[PDB]
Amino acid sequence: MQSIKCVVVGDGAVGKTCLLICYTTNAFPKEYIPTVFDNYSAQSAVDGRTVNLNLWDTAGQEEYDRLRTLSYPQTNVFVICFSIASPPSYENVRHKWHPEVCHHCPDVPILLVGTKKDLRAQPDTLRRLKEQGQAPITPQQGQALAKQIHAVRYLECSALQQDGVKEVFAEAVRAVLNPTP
């Protein structure tokens, strides 16, 4: 077979842990626990081929900045997440996450992922964001950010609904096995 190291990064609470646990266990975490680091594995059929994924969960908090970058050596692909329901986490892709992974792993492919798409049209989220003068990220905005940071692709998912999660990691594999110029 063939293994691939995939690290998932992004702001605290954007949904990194639920993404990974849903993908690898088909269960949605019952309780939020801050991540320190976690190494998961998956074997996935991707375009008729069986691939091993060596998956890493990271702490998004600035408190663990140095710890997180110790997980980056030998990474083959980064999945950078922002929450569709938190525009500040989108801006931190531009200001923190994309520059940090490129600083540590020059030219390593990046998949951009908008999480929690089930919240985009939820009235309560819409009302809470409106009190902050905000609105959920649109798919076109997600594409525009992917273009800006030279991500291989923008994808959206809801780990809670188990909607689009499989496709994120299949595209991560393709970024390593079928490099695009």
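The first residue of the shown sequence is 1; numbering continues from there.
Higher average CA B factor: 18-26, of the stretches 5-13 and 18-26. Of the two segments, 135-143 and 46-54, the one listed with the higher mean B-factor is 46-54 (C-alpha atoms only). Looking at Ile110, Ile84, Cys102, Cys81, the one whose CA carries the top B-factor in the deposited record is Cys102. When the modelled residues of the chain are ordered by their C-alpha B factor, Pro73 lands in the middle third.
Annotation for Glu62: CA B-factor lies in the lowest third of the chain's modelled residues. Split the chain's modelled residues into thirds by C-alpha temperature factor. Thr115 is in the lowest one. Ranked against the other modelled residues of its chain, the C-alpha B-factor of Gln148 as given in the entry falls in the highest third. Per the PDB record, residue ranking by Cα B-factor puts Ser41 in the highest third of the chain.
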